[PDB]
RNA sequence: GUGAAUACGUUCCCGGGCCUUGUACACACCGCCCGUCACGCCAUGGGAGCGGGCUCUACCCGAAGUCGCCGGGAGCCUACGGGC
Ligand SMILES: [Mg+2]
């Protein structure tokens, strides 16, 4: 009874963890499986993460990509069993949670609102490489 | 066979001839010619609007690119002053 919410978690065997961390205000790419008509592809889709809707298992994130002169957005679930690889590319300062203004105001004016959150860079650059020596010995 | 009147004269009506005049007339005034209207054809201006081409003013976004800066709380060659 008093486990009412543990029940769902128990139902969460479909849980992954090789996902690297990130937070709204930075760009990233995924790699996805699409029924490519006859077969299936690894559709590398790189963009900016916009929104993050957290709810334990069914936590979703929305990625936006400007392709061929068209502002697109793409919504993915975190534990989706379709993410082969997924690797960040850059990180940036937040100042706000969501950011439904990159919709309207998409240009170079976002190359100055993003800015390089170099703090987490060193953080990423730390365990990425300096901890490799903590494997090869 | 017998056997008259008057023309003073050309002002005026008619015909013809000649001179001059005019013309747009010339199978020659039964001529020539004008404009509306009616019919068909032809381009055409105006004209509620329709379709394009070109140019200009202002503002927004802005690929590749040279040039000025930072090149730093990283990447990298180090030729460790530096260069990508
Ligand atoms: Mg006309």
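Checking the a/c ratio against 1.5 first, then a/b against b/c, what shape does the Cα gyration tensor give for the range A:1-122?
Working: a/c = 2.01, a/b = 1.34, b/c = 1.50.
Oblate, because a/c is 1.5 or more while a/b does not exceed b/c.
State whether the range A:16-68 is rounded, prolate or oblate according to the following rule on the C-alpha gyration tensor (a ≥ b ≥ c being the square roots of its eigenvalues): a/c under 1.5 gives rounded; otherwise a/b larger than b/c gives prolate, and the remaining case gives oblate.
Details: a/c = 2.16, a/b = 1.37, b/c = 1.58.
Here the range A:16-68 falls in the oblate category.
Go ahead and run the numbers for FRET between residue A:7 and residue A:59, Cβ-Cβ distance against an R0 of 25 Å, rounding to 0.05. Don't jump to the answer; show the numbers that get you there.
Numbers: r = 18 Å, r/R0 = 0.72.
For residue A:7 and residue A:59, the calculated efficiency is 0.90.
Hey, what number do you get for chain A at 222 nm if only DSSP H runs of n ≥ 4 count, each worth -39500 (n - 2.57), divided across all residues, to the nearest 500? Could you put the intermediate results ahead of the total?
Numbers: 3 runs with 19 residues, N = 137.
The helix-only estimate for chain A comes to -3500 deg cm²/dmol at 222 nm.
Please say if the range A:52-137 is rounded, prolate or oblate, where rounded means a/c under 1.5 for a ≥ b ≥ c the square roots of the C-alpha gyration tensor eigenvalues, and otherwise the choice is prolate for a/b larger than b/c and oblate otherwise?
Details: a/c = 2.06, a/b = 1.38, b/c = 1.50.
The shape class here is oblate.
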Residue A:131-residue A:15 FRET efficiency (beta carbon distance; Förster radius 30 Å; 0.05 resolution): 0.75
Inter-probe distance in nm under a simple model that places probes 7 Å from Cα toward Cβ, at residue A:80 and residue A:101: 2.8 nm
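Go ahead and run the numbers for FRET between residue A:40 and residue A:109, Cβ-Cβ distance against an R0 of 30 Å, rounding to 0.05.
On the way: r = 38 Å, r/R0 = 1.27.
Computed FRET efficiency for residue A:40 and residue A:109 comes out at 0.20.
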Distance from the range A:85-137 to the range A:1-71 (C-alpha centre basis), Å: 17 Å
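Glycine also receives a Cβ, built like all others from the backbone with ideal geometry; neighbour counts cover every protein chain displayed. Every read-out reported here was derived from the displayed coordinates using simple, explicitly stated rules and does not represent laboratory data.
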